[PDB]
């Protein structure tokens, strides 16, 4: 009635021998607590990963925990637990390196261990960035090459590097990381030993819930962050082709905006990779709905009707309607100051509808515009006294230099949200909510917003 689990023979920080020749690590500690939480007698063995798979298949072993990536190919043969760890790739450098971006590697030599994801990734992105790829047989040889200056960076797993820095090696992680899809899991033979998987999953949740998980990671130099687990290599994001300031093209004709900058920033923080398609709001809707785009970021209002077919992340922008006046007009300082004035609004908008519904109230006149430019030209030349529009459009127009002012407190009009097709791509909603939370705390969020809407 022993639970026999096999693992790799040397893989720090997941399983390895310390100064006592004692077996220790993240996998080791996690498996041992799971056993205790389940009142299991644990019998670990360390033959090595390939041998572990062979022993599992022969039934000589009950299960495996050895930094095993969960993959659909492997689900043909194994059953996995939930991911217990989500690793990532990045570039390690000596502490005194000034390189911080993958562009910096142009002309440089980069190392990776032979036969690894790090190797593959380097190849897939070599044409882009223009580096040389040196490959190595093990980490010892790779890092000796980093230390001696013969490569300028070395690509490996964040956990492996984080641990080496904890030990006291001359190493740094200045680059972004790339999450590895799938995550690591505990595995049993397919259709067998289900109660082990369920016992692993239930225990794992407790350890996440009671802080014992984070303490184990802290032990090996890893500061547990909220990170979703990617399932694909890259996710496609559709969006509108021109809705400044959220998605639009600047004069170099490259796309930019709050939506672009924020979502890219969210993904960088989570280690996901995104591909944008600025096809148009309705085109984005249909593409997500038809299963040809993974999600959309396109200044989209969150509504109950859309909730019938989309899933939304946490709200990321409070969409407001506000009045624009001439920045030299001292006569409009409140709604009550609008009596005798004519105000412009675009046809068929909420601005339009709101102005109409209060026009009799406050004694102003509403001029309908069909072209946004002719509206703003009319405020500029004084043919109208004021306009109403979405708050961020007016602020961006002001930051771009239009001589406008907003004297009156705005009108709330819903919230923008990131969307996926309902029930699709749940890890993408996760990565949006996690990343958004983090960028709100360090201030990247406000920094992106002020980039487009803060003036003087």
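Positions refer to the first chain, counted from 1.
Mean CA temperature factor is higher for 247 to 255 when stretches 310 to 318 and 247 to 255 are set side by side in the entry. Between 351 to 359 and 137 to 145, the higher mean Cα B-factor belongs to 351 to 359. When the C-alpha B-factors of 120, 236, 100, 82 are read from the PDB record, the largest value belongs to 100. Out of 86, 301, 277, 370, the entry records its largest CA B-factor for 370. In this PDB entry, residue 15 carries a Cα temperature factor that places it within the highest third of its chain's modelled residues. In this PDB entry, residue 436 carries a Cα temperature factor that places it within the lowest third of its chain's modelled residues.
When all modelled residues of the chain are sorted by CA temperature factor, residue 261 is found within the lowest third. Per the PDB record, residue ranking by Cα B-factor puts residue 378 in the middle third of the chain. Placement of the Cα temperature factor of residue 294 within the chain: lowest third of the modelled residues, per the deposited record.
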